[PDB]
Amino acid sequence: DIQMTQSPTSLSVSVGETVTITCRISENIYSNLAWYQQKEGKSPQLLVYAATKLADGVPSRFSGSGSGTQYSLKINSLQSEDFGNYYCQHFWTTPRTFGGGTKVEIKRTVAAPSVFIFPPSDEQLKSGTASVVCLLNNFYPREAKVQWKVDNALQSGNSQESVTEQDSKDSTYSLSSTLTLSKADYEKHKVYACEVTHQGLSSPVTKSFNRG
Amino acid sequence: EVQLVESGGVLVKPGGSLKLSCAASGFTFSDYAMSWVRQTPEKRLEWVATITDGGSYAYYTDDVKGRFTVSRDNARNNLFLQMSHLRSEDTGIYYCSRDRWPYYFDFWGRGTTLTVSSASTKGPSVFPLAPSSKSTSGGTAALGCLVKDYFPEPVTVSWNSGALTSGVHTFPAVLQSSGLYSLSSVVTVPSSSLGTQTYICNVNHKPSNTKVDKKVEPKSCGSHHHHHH
């Protein structure tokens, strides 16, 4: 039926560079197309409509071209705020539908994480559980390994982690990892440690505390 | 400035009903068609329904015909979506949008999350992530809140009732093997002024109608009754 291919699906490109995103359609839609940027959580924003028309309040480094079955969004000099997902939309026939997206990552220099550990609140311990939080702030690239060590024993099966989207100002990422123990298991060990590996770190970084 | 602010966004039993609302302001409301566009499970944007400027005509996508009704109150700048026979595929984020009908959507609201599920809603517990010597470096201290054991998504976190936005990292939530969500929100501030500034994380879980405020302050370590194990 009417369908679209967005290409590339994924790109990683430095500030000041030129990015073209292409939307190819299964029928000729006679320039009845729109373009949108959406960042995670946040709501979409119209970039371009009728294939070539810049929406208001949109920086002029954005523009769109094409016709027939071939359309393009060009960002002239990529800025850190231009991360996120870009979508095309046809309005030729009913329903109007949306493409699958091109994820745009801002490439930047390496940044090592700053590593911070948080022991369980006293309020949580009174409820019977011990969450221990390790924080990796403002690193690039995304890839980062967190190793939980308890009395120097390699942990596994008791933590979960998650990464932020990319920062619109510095293009870094942050990561939070939680180690969860019963209160009883928590009280039977002394040293709680967070061991962090990243491309920006020569040797690993360990943040640790003694229960006390 | 144009403004579209949705309301609703709860858990609903499979087969149940719900009304979503949208307050519009900052333009002539009755001059514009209005739409709902939802972000499906996959993360694909899908048009749902459109009501013409006068409220006279309504249009729907096939999957919601006979189930959903879109309406508008031109005396109050409100847009509604009445939903019955909700089914699991309807779970998603629902954006109120200004529709340049036939054509494109030129303003969108923050979205509201509809989770269709037979689980119970549950509000979060909120725990401080106190700044200490373990979260400080270069004159900078990190502090936060841990928001644990809620369903369904989302919780929204603010700091100091919106007056603190700089340096905040609110992480995507994790799904615990209880089936309950967990997340953290952190901020890095000057060490210098941990004695003068007060930092409060504001946690809103609209699906459970629970708000929690939690002061996060440095905790003094020592105690007269204590041991060493």
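Residues numbered from 1 in each chain as written, not as in the entry; some residues may be left out. Chains lettered and ligands numbered in written order. Heavy atoms only, no water. Residues with missing side-chain atoms left out of burial classes, pairs and counts.

Structure determination for this entry is recorded as X-ray crystallography, at 2.45 Å resolution.

1. What about the domain arrangement of chain A?
Residues and elements named next belong to chain A. Filter applied, for reference: Note that the domain bounds reflect an automated or database-derived domain assignment. Any two residues whose heavy atoms approach within 4.5 Å at even a single point are treated as in contact. What counts as buried area is the accessible surface, traced by a 1.4 Å probe, that two parts surrender upon association, with contributions from both included. Salt-bridge detection follows one rule: a side-chain nitrogen of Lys or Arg within 4 Å of a carboxyl oxygen of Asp or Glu. Any pair of N or O atoms that falls within 3.5 Å is considered a polar contact. Within protein, one atom must be able to donate a hydrogen and the other to accept it, and sequence-neighbouring residues count only if both atoms are side-chain atoms. Runs of H or I in DSSP of at least four residues are treated as helices and runs of E of at least two as strands, each being numbered from the N terminus. Note on residue classes: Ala, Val, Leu, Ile, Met, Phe, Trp, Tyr, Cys and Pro are nonpolar, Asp, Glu, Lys and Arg are charged, and everything else, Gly too, is polar.
Along its sequence, chain A is organised into domain 1 (4-107) and domain 2 (114-210). Across the boundary between the two partners, domain 1 contributes eight residues, which contact nine residues of domain 2. Both faces combined, the contact of domain 1 with domain 2 buries some 690 Å², and carbon together with sulfur accounts for 46% of it. Inspection of the domain 1/domain 2 interface yields one salt bridge. Between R142 and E105 there is a salt bridge; the shortest N-O distance is 3.5 Å. The interface formed by domain 1 and domain 2 contains seven residue pairs in polar contact. Here the side of domain 1 that touches domain 2 gets three residues from one element, more than from any other, and that element is strand β11 (residues 102-107). In terms of residue class, the side of domain 1 that touches domain 2 is built from two nonpolar, two polar and four charged.

2. With respect to empty space enclosed by the protein
Using the following cut-off: Only protein atoms enter the 1 Å grid, on which a cavity is a set of points fitting a 1.4 Å probe that cannot get out and a pocket is an open set with protein on both sides within 12 Å along at least 5 of 7 lines, lining residues being those with an atom within 4 Å of a point. Grid points are joined across faces, edges and corners, and a volume is the space filled by probe spheres set on the points.
Counted as a void, the largest cavity has a volume near 80 Å³. Surrounding the largest cavity, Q160, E161, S162, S176 and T178 of chain A together with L146, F171, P172, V174, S182, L183 and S184 of chain B form its lining. Only β16 (159-163) and β17 (173-182) of chain A together with β18 (181-190) of chain B provide two or more residues apiece to the lining of the largest cavity. Here the lining of the largest cavity is composed, by residue class, of five nonpolar, six polar and one charged. Considering the residues around the second largest cavity, the lining is formed by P119, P120, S121, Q124, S131 and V133 of chain A together with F127, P128, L129 and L146 of chain B.

3. Here's the deal with the domain arrangement of chain B
Think of interface size as the accessible area that goes away when the parts come together; that is how it is often given. Residues and elements named next belong to chain B. By domain assignment, chain B separates into domain 1 (3-116) and domain 2 (125-216). Summarising the inter-unit geometry, the C-alpha centres of domain 1 and domain 2 are found 31 Å apart. Each partner contributes to the interface: domain 1 provides five residues, whereas domain 2 provides five residues. Summed over both partners, the interface of domain 1 with domain 2 buries about 370 Å², with 72% contributed by carbon and sulfur atoms. Looking only at domain 1, the three residues that lose the most surface to domain 2 are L11, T113 and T115, adding up to 67% of its buried area. Linking domain 1 to domain 2 there are zero salt bridges.

4. What to know about the interface of chain B and chain A
Contacts between the two partners involve 46 residues from chain B and, on the opposite side, 46 residues from chain A. Summed over both partners, the interface of chain B with chain A comes to about 3600 Å²; 59% of that surface belongs to carbon and sulfur atoms. When the buried surface of chain B facing chain A is broken down by residue, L45, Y104 and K134 of chain B rank first, second and third, together holding 18% of it. The interface formed by chain B and chain A holds two salt bridges in total. Linking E123 of chain A and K214 of chain B is a salt bridge whose minimum nitrogen-to-oxygen distance equals 3.8 Å. Taken together, the links from chain B to chain A amount to 14 residue pairs in polar contact. Tallied by class, residues from the side of chain B that touches chain A come to 23 nonpolar, 13 polar and 10 charged.

5. Some remarks on the pattern of salt bridges
To keep it simple, the criterion reads: For each residue, the accessible area found with a 1.4 Å probe, counting protein chains only, is set against the maximum for its type, and the residue is called buried under 20%, exposed over 50%, and partly exposed in between.
A complete count under the given rule lists 18 salt bridges over all chains for this structure. With a closest N to O distance of 2.6 Å, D99 of chain B and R96 of chain A form a salt bridge. Taken together, the residues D99 of chain B in strand β9 (residues 92-100) and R96 of chain A in the loop between β9 (84-90) and β10 (97-98) connect one chain to another. You can call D99 of chain B buried: its relative accessible area is 2%. A relative accessible area of 5% means that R96 of chain A is categorised as buried. Three or more residues joined by partner-sharing salt bridges are found here, namely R38, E46, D63, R67, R87 and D90 of chain B.

6. Structural notes on the state of the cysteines
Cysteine pairs can be linked by a disulfide, which is a covalent bond between their two sulfur atoms. Residue and element names in this part refer to chain A. For clarity, the threshold we go by: By definition, disulfides here are pairs of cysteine sulfur atoms that lie within 2.5 Å.
Counted by the stated rule, this structure contains four disulfides over all chains. The disulfide partner of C134 is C194, and the S-S distance across this bridge is 2.0 Å. Disulfide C134-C194: the torsion about the S-S bond is -75°, which places it as left-handed. With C134 in strand β13 (residues 129-139) and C194 in strand β18 (residues 191-198), the pair connects residues that are 60 residues apart, well separated along the chain. Grouping residues by exposure puts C134 and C194 together as buried.

7. A word on the sheet that holds strand β12 (residues 114-118) of chain A
All names here are of chain A. Note the following rule: In this scheme, strands are said to pair when DSSP sees at least two bridges between them. The axes are straight lines fitted to the C-alpha atoms, using for helices just the contacting stretch, and the angles between their N-to-C directions are given from 0 to 180°.
Judged by pairing direction, the sheet is antiparallel, and its four strands sit side by side in the order β12-β13-β17-β16 without closing on themselves. Strands with a single pairing partner mark the edges of an open sheet, and in this sheet they are β12 and β16. Adjacent strand axes in the sheet meet at a mean angle of 15°, parallel and antiparallel pairs treated alike. Bridging between β16 and β17 involves five bridges; their strand directions are antiparallel.

8. Observations concerning the pairing of strand β14 (residues 140-150) of chain B
The two faces of the sheet receive side chains in turn, since in a regular strand these alternate between them. All names here are of chain B. Most of β14 sits inside the fold, with 10 of its 11 residues counted as buried. Where strand β12 (residues 125-129) lies against β14, five bridges are found, and the strand directions are antiparallel. In the strand pairing of β14, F127 is matched with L146. Here strand β13 (residues 136-137) runs beside β14; their pairing, made up of two bridges, is antiparallel. Across the sheet, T136 pairs through a bridge with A141, a residue of β14. Counting the residues between successive antiparallel strands, the hairpin from β13 to β14 contains two residues, one of them, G138, with a positive phi of roughly 60°. Looking at chain direction, β14 and β18 are connected through 10 bridges and run antiparallel. Following the sheet pairing, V147 is matched in β18 by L183.

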